[PDB]
């Protein structure tokens, strides 16, 4: 059963339903909200409009009451997020977790459903 997004950073992204645990084995939204908020300075500096959605799609994955399958973001939104924020992250000491490598995401290929909002 899906629950509503409680972490304020991930409110207003397109959906407000999630289900814990997430990909990072966070057992509650409070635990996941503390880790995803470490990227909040990068969101306010506007290095990529896809950053807030890409992070929230991983830390608070979308939960649909009728799908019952993990709906990850596409590889295109991961690349567009890193193309605009990674060079700034390397300067200010931020780092992508290895679990967020864009190769772990489906391509825009096969019947793997992913979530890119510019290709809808």
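Positions refer to the first chain, counted from 1.
Residues without coordinates, deposited sequence, stretch from residue 108 to residue 109: is the count none, 1 to 3, 4 to 9, or 10 or more?
In the deposited sequence, 1 to 3 residues between these two have no coordinates.
Which of the two stretches, 33-41 or 60-68, shows the higher mean Cα temperature factor in the record?
It is 60-68.
Using the B-factor values recorded in the entry, state whether the Cα atom of residue 27 falls in the lowest, middle or highest third among the modelled residues of its chain.
Highest third - that is where residue 27 ends up once the chain's C-alpha B-factors are sorted.
Considering only modelled residues of the same chain, in which third does the CA B-factor of residue 74 rank: lowest, middle or highest?
Ranked within chain, residue 74 CA B lands in the middle tercile.
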